[PDB]
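Student: Those sequence lines, one after another, are chains F, B, E and A.
Reading the first sequence from the start, the letters are residues 1 to 105, 125 to 152, 158 to 362, 372 to 384 in the authors' numbering.
Reading the second sequence from the start, the letters are residues 1 to 274, 280 to 358, 367 to 436 in the authors' numbering.
Reading the third sequence from the start, the letters are residues 6 to 28, 44 to 74 in the authors' numbering.
Reading the fourth sequence from the start, the letters are residues 1 to 440, 449 to 450 in the authors' numbering.
Each residue gets a CB set at the ideal place from its N, CA and C atoms; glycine is no exception.
I have a structure I would like to understand better, so I am pasting it below and will then ask my questions one at a time.
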Amino acid sequence: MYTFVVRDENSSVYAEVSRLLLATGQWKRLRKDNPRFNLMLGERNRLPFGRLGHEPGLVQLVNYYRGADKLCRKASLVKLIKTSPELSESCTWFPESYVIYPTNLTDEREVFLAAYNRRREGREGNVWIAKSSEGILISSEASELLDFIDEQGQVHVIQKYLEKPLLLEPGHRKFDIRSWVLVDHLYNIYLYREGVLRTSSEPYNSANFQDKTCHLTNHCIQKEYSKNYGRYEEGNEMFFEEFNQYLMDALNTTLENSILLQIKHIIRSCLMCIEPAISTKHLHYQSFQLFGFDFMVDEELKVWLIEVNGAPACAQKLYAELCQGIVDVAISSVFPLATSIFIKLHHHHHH
Amino acid sequence: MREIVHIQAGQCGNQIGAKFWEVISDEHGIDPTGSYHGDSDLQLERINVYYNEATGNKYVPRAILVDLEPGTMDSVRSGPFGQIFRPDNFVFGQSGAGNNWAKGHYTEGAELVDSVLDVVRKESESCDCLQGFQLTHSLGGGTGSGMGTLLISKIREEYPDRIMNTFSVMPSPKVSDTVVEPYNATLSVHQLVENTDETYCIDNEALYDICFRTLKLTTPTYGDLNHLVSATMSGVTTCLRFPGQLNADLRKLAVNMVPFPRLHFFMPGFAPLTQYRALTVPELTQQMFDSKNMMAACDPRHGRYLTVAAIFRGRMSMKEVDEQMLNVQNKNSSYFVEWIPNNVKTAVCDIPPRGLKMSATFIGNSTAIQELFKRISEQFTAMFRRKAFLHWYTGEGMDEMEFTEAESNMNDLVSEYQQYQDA
Amino acid sequence: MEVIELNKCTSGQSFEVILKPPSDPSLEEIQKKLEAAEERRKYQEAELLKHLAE
Amino acid sequence: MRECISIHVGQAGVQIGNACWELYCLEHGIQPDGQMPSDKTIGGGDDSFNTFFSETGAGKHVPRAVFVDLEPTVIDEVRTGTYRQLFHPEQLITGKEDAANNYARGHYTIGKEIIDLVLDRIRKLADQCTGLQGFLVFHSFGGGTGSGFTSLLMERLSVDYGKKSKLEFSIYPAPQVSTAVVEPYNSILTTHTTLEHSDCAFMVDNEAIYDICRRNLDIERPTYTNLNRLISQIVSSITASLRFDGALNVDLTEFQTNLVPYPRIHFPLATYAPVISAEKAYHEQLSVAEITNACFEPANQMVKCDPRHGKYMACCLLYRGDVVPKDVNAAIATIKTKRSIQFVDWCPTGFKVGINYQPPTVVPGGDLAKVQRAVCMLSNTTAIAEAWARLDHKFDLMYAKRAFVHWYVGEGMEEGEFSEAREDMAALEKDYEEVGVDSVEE
Ligand SMILES: Nc1nc2c(ncn2[C@@H]2O[C@H](COP(=O)(O)OP(=O)(O)OP(=O)(O)O)[C@@H](O)[C@H]2O)c(=O)[nH]1
Ligand SMILES: Nc1ncnc2c1ncn2[C@@H]1O[C@H](COP(=O)(O)OP(=O)(O)CP(=O)(O)O)[C@@H](O)[C@H]1O
Ligand SMILES: Nc1nc2c(ncn2[C@@H]2O[C@H](COP(=O)(O)OP(=O)(O)O)[C@@H](O)[C@H]2O)c(=O)[nH]1
Ligand SMILES: [Ca+2]
Ligand SMILES: [Ca+2]
Ligand SMILES: [Ca+2]
Ligand SMILES: [Cl-]
Ligand SMILES: [Mg+2]
Ligand SMILES: [Mg+2]
Ligand SMILES: [Mg+2]
Ligand SMILES: [Mg+2]
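See the structure below:
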């Protein structure tokens, strides 16, 4: 009889995982502050990693990687890419990005305009987005960006806006791709074979960057502020079977060749970069964690990483499968009970 | 922390105390004449905790024997180890106490108690460093109960910085001498709550049930109850009588077992319950925590453990003992209070008790002990609400108010346990 | 990666390697505290003995 | 030459002292009867080893050491054991009843009656010193004497030797070998009272030593003897620069200067490699690269914690055996490109390196294999505050219910000292966080 504790009550994924664990009849849930657990499904903020792994007679496992926030915060991700040799500034799949602190509060504001001006000079599309880790501005004029940033009080990021996105027809409309990645205690990287396209139901419009429902494919901003939520697909959600058949019919490619190769390359590069900082291979406790990677596809079928989410929810159709997979490869791998839905990402090129 | 002074009071106190001295004199290789004849010198390293050394290398129990009638102490003096005791430490009256707490505490016992304290003082004065006192008695009679609690009060007055420890046999209607036992027991518990540091609750209910259900004795005698008691007493004092790290003196035990001054009533347990089958470390561990091995008729699942001391005896794997203790805690963690971290402490002693190659003794501070006190309370109220049998007590000068007060204090103790069971 | 302050002797050697540059109460008070604690002990004992005298 | 006096308090302090002085004697060729054939200046001298040993006309080398315990059984084993003749009776001080795992009993009740005798025996030792540097104090956090008496002694040493340095070696409590439920209380209490009086303190978590003994020495159930022989190796590795010729950490002041830029953050993490079982039939000797790399595995630390998720303020490598600087610098270069080693901004990223060519000495018949080179890393990393976090959590759990507090109040301690000590620990955890961390349904 294995034991576990639940310290995040607002998590779809791990609510479903707890229910499956109980249904096995080999897992017992304890009170959130009982220390004699095998498994901690922990809180998202200030999780006490320092108290794990000091319980004699208990192999202990937690569903977060201490240190993985460097990937999963806007400013820390841009810092990690620009400063890590294996990602480098010569990184072809991350959009040009700069970290900027409000005037109220290193910062990169000077270096940002250095390139902004050879895009003013150079005739190039000079549209940029500003975001923080609600509160988005898209503009071709830098000073609207900087002033909007200093109007707020937290650190923001300025990132090149991708002006030529791939657009689904019918609709002439934007989307982003969400991939779910499980990293187990052995640092196997498992991509869930089902992704989801969060589409916009509004046609794209390169002239008014201020009506942000053809520009922000977030399921929330589409579920209310947009007119056509659910026209083409249920809940602005296209899945991989459909998107693949579309690529085959319209572009004469597959999802595998034109997009997924890049996505796997990006996931493996990010996680292998931070692996020495977060691995629990020789630690007194062990970690796994579920990530959501968010990608954009431009019109030449080039994939761009937009961000990484350290605590993602699932698509409602997929919970059942994904959560069962989490118990299969992340939990029962460590604590055995009495056609994999994942692709293992591994590659050993010799040179 | 070296010497312990032992006191046994009344019929039950003296019968079980004599069995206790027999058992541990056997363990320490001391023979009925006080001569050492053992093979290990772990037998002698801490022999002075319980024995004085006379010359001839004779070992004399630091034991004072107390009664208000001479009957049981004559039988002790004629029993197996009767002559080992120091003759001047037999302190007895002639009149008896009539199963009456008031006679033991206020009238007959008051006449004898100074005699007892003279012997107690002569024994304490020859102590290099007295740790304190242990008393064996019942709560259901008059001498062990009334005079026993009188003695405890007087000893605390004269040695307020020493540990006071009792083995207290609780009355049960299933094994009962008179109808007034709930009165005597309630009055005594009131004293114990205030004036002892650690009390082993031995329930004649539980001893009976073990003898009947488990040892397949159809007609248990006091003799059979006292076998269980003397085995348990030997177990719970192992750590005081042999070299070791954990709970090796009375104060350190108190510090580990008593998180709140009044909640010092312990549920003891023993395994294996007594054959030639070998018992494995997992089997010892499961049995010692089994409700059916507890000497206090309380369901441990009805409460939570505040603290636990476990003592394994014999040659076995330390690694396996640690693993099994960890396993019981980890798989029944709900029953140990989460606000006392690491509240289960484990000792191992290489010398097993007579007739066994392996044994385990359990000492639990469980909130489930409240079931014992509730039981006494109900039996008390059933009579007290009609003031039945009171005249035996008012005839010795007691007033009903003293009963009302002792009942209220016992119900307060029950409430305090319930508080920590829900904290 | 710079090695400095190298010192050698028959017993061994020491040095430093830089990879990157920088980017009480009196006797009085004590005895007062010990004696305040002893007095709290003596008061608690006197309260106990008063109760036992009653 | 400047002398150091060692003070061993309580069971843990005394048994660890036994093991350390045994080792020292083996390392300097001093026989159990105190004679040292290789010491050619009979009856005196100011060699490096005289920092720890004084000399008699008969040629006896006598530890500069005081043993204190509030009960006699443990120091009696010193009085009658293998090194009976090393120590002079006046250096071994016992009471008769101990502190019952109760800080308040060791500090207020029994401490008050023994402190003056102890300070007088310490004063005798200091009177035979031409230039005392200060003190090395060994004790447990969890015991009543180790916590309570040690904190009293520390305050009084600050009073009577106000300019001397004071170093601690402290055993942090582990349930697998602990003797008492109230050890979190005692720990916090003694840390609170000792903090401003200690210049540098080396914490040893019994849980880390216990797992090292099981995993690398293949001891199924380690005893205090196993633990203490390993601890004595680490301690000797740390003090070797006071006892041998060299230029790193040659006096107590240098430990603070090299390891403690902020005086409250004075708890360096020790990491030791290699630990090799003596019954291991076939062993391939580890290189400079491998043992230096092992300095960065949490499994080899004296406190289990994760230095990747904190920052370094200082780092010292202490090597014993066949080691030359070029191999050290190559190993460090390799390691810095494969591991997470972040220093605080206001400190240089670098290592101070000491090499003594004599490889570790091991006790004949002990558990530890002889090896050709070994290393002890002393790093001041904020990650050691994980241990404080653990202690403070257990303290909070019990004190919220006032469980066991009456034992301390009954010794004359005021309940408010509990919350004072706990708030000092909260400040301390806050300091570690300020130094070591940066500002941090989808
Ligand atoms: N590593 C190690 N730890 C020890 C040793 N002896 C005791 N301990 C630990 O120290 C704590 C107990 O404190 P002790 O040093 O025994 O207590 P004490 O200082 O003698 O104080 P009192 O007995 O209460 O008077 C527990 O955490 C023990 O596991 C030892 O020899 N080696
Ligand atoms: N550089 C960029 N270029 C073009 N479009 C971008 C972009 N960055 C973000 N977007 C658009 O904004 C949306 C992403 O916003 P953001 O990266 O801040 O996610 P979020 O934190 O608001 C919710 P979630 O964490 O679930 O993704 C995408 O749908 C995308 O269409
Ligand atoms: N377990 C046990 N209980 C006893 C024994 N003798 C008497 N009792 C119980 O003790 C109580 C009677 O007290 P007793 O010791 O005879 O009275 P006292 O002589 O006045 O102290 C009742 O609860 C009896 O069941 C005995 O030898 N063993
Ligand atoms: Ca009379
Ligand atoms: Ca000399
Ligand atoms: Ca100071
Ligand atoms: Cl001075
Ligand atoms: Mg986000
Ligand atoms: Mg009778
Ligand atoms: Mg008289
Ligand atoms: Mg001790």
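If you check the beta carbons only, do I291 of chain A and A374 of chain A fall under 8 Å apart?
Tutor: Cβ atoms of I291 of chain A and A374 of chain A: closer than 8 Å.
Student: For the beta strand (DSSP E) containing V409 of chain A, list its first residue and its last residue.
Tutor: First-last for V409 of chain A: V405 to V409, but that is the alpha helix (DSSP H), not the beta strand (DSSP E).
Student: Report all residues from its chain with a CB closer than 7 Å to the CB of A126 of chain A; omit the five preceding and five following residues, and keep chain order.
Tutor: Same-chain partners within the cutoff: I5 and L132.
Student: Using a 10 Å radius around the Cβ and a threshold of 16 neighbouring Cβ atoms, would you call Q334 of chain B buried or exposed?
Tutor: Buried.
Student: Give me the Cβ distance between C305 of chain A and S379 of chain A, rounded to the nearest whole Å; I'm assuming they're in contact under 8 Å.
Tutor: Incorrect: roughly 11 Å between the Cβ atoms, too far for contact.
Student: For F402 of chain B, does the three-state DSSP call read helix, strand or coil?
Tutor: Coil.
Student: Hey, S198 of chain A and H266 of chain A: beta-carbon distance below 8 Å or not?
Tutor: Yes, the Cβ-Cβ distance between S198 of chain A and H266 of chain A is below 8 Å.
Student: Would a C-beta distance cut-off of 8 Å place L189 of chain A and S140 of chain A closer than the cut-off?
Tutor: Cβ distance not < 8 Å, so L189 of chain A and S140 of chain A don't count as in contact.
Student: What residues from the stretch 290 to 321 of chain F come within 7 Å of chain A, judged by C-beta to C-beta, listed N to C?
Tutor: The stretch 290 to 321 of chain F vs chain A, Cβ under 7 Å: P300, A301, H306, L307, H308 and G316.
Student: Where DSSP assigns a beta bridge to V60 of chain B, which residues make up the other side?
Tutor: Answer is B:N52.
Student: When you compare the CB of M40 of chain F with every CB in chain B, is at least one pair closer than 8 Å?
Tutor: For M40 of chain F, the answer is no, since every Cβ of chain B falls outside 8 Å of its Cβ.
Student: Within the continuous beta strand (DSSP E) that includes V22 of chain E, where are the two ends?
Tutor: First-last of the beta strand (DSSP E) with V22 of chain E: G17 to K25.
Student: Going by other Cβ atoms of all chains shown within 10 Å of its Cβ, with 16 needed for buried, is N281 of chain F buried or exposed?
Tutor: The residue in question, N281 of chain F, is exposed, as its Cβ has fewer than 16 Cβ neighbours within 10 Å.
Student: Identify which residue in F:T304, F:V17, F:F359 and F:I287 has its Cα closest to the Cα of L52 of chain F.
Tutor: Out of F:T304, F:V17, F:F359 and F:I287, F:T304 has the C-alpha closest to the C-alpha of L52 of chain F.
Student: Within a Cβ cutoff of 8 Å, which residues of the same chain sit near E193 of chain F, ignoring the five residues on either side of it in sequence?
Tutor: If we look at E193 of chain F and ignore the five residues flanking it on each side, its Cβ neighbours are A274.
Student: For a test of your reading of the model: does the CB of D114 of chain B fall under 7 Å from any non-hydrogen atom of ligand 10? Yes or no.
Tutor: Yes, the beta carbon of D114 of chain B sits closer than 7 Å to at least one heavy atom of ligand 10.
Student: Do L47 of chain F and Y64 of chain F have their C-beta atoms closer together than 8 Å?
Tutor: Yes, the Cβ-Cβ distance between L47 of chain F and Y64 of chain F is below 8 Å.
Student: Using only CA atoms, which one of B:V120, B:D67, B:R121 and B:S78 lies nearest to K103 of chain B?
Tutor: The option with the nearest alpha carbon to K103 of chain B is B:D67.
Student: Give the DSSP bridge partners of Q183 of chain F, in chain order.
Tutor: The partner list for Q183 of chain F (beta bridge, DSSP) reads F:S97 and F:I148.
Student: Examine chain B for any beta-carbon lying closer than 8 Å to the beta-carbon of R51 of chain F, and answer yes or no.
Tutor: With 8 Å as the cut-off, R51 of chain F does not count as an interface residue toward chain B.
Student: Quick one: what does DSSP say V175 of chain B is sitting in, helix, strand or coil?
Tutor: Correct three-state label for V175 of chain B: strand.
Student: Rounded to the nearest angstrom, what separates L92 of chain A and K60 of chain A at their Cα positions?
Tutor: So the alpha carbons of these two residues sit roughly 18 Å apart.
Student: Exposed or buried, what is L428 of chain A when buried is set at 16 or more other beta-carbons lying within 10 Å of its beta-carbon?
Tutor: The residue in question, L428 of chain A, is buried, as its Cβ has 16 or more Cβ neighbours within 10 Å.
Student: Any beta-carbon of chain F closer than 8 Å to the one on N348 of chain B?
Tutor: No, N348 of chain B lies away from the interface with chain F (no Cβ there is under 8 Å from its Cβ).
Student: Would a check of beta-carbon distances place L68 of chain E closer than 8 Å to chain B?
Tutor: Interface residue, yes.
Student: Considering only heavy atoms of ligand 3, does any lie closer than 7 Å to the CB of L215 of chain B?
Tutor: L215 of chain B: no, Cβ never under 7 Å from ligand 3.
Student: Would you say the stretch 86 to 99 of chain B touches the stretch 137 to 150 of chain B, given that touching needs at least three Cβ pairs under 8 Å?
Tutor: Short answer: they touch.
Student: Measuring from the CB of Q11 of chain B, is there a heavy atom of ligand 9 at a distance below 7 Å?
Tutor: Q11 of chain B Cβ: within cutoff of ligand 9.
Student: Are the stretch 395 to 403 of chain A and the stretch 325 to 345 of chain A touching, with three or more C-beta to C-beta distances below 8 Å?
Tutor: As far as the Cβ criterion goes, the stretch 395 to 403 of chain A does not touch the stretch 325 to 345 of chain A, which means the pair count is below three.
Student: Scan the stretch 173 to 184 of chain A for residues whose Cβ lies nearer than 9 Å to a Cβ of chain F and list them as they occur along the chain.
Tutor: The stretch 173 to 184 of chain A vs chain F, Cβ under 9 Å: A174, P175 and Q176.
Student: List in chain order the residues whose CB is within less than 5 Å of at least one heavy atom of ligand 5.
Tutor: In chain order, the hits are A:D39, A:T41 and A:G45.
Student: Please state whether the Cβ-Cβ distance between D322 of chain F and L190 of chain F is less than 8 Å.
Tutor: Yes. Within cutoff.
Student: Among the candidates F:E96, F:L30 and F:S225, whose CA atom is the shortest distance from the CA of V130 of chain F?
Tutor: Per the Cα distances, F:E96.
Student: Would you say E58 of chain E lies against chain B (beta-carbon separation less than 8 Å)?
Tutor: No, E58 of chain E lies away from the interface with chain B (no Cβ there is under 8 Å from its Cβ).
Student: Verify the CB distance criterion: does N52 of chain B have a CB-CB separation below 8 Å to chain F?
Tutor: It does not: the Cβ of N52 of chain B has no partner Cβ on chain F nearer than 8 Å.
Student: Would you call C347 of chain F buried or exposed, if buried means 16 or more other Cβ atoms sit within 10 Å of its Cβ?
Tutor: Answer is buried; the Cβ neighbour count reaches 16.
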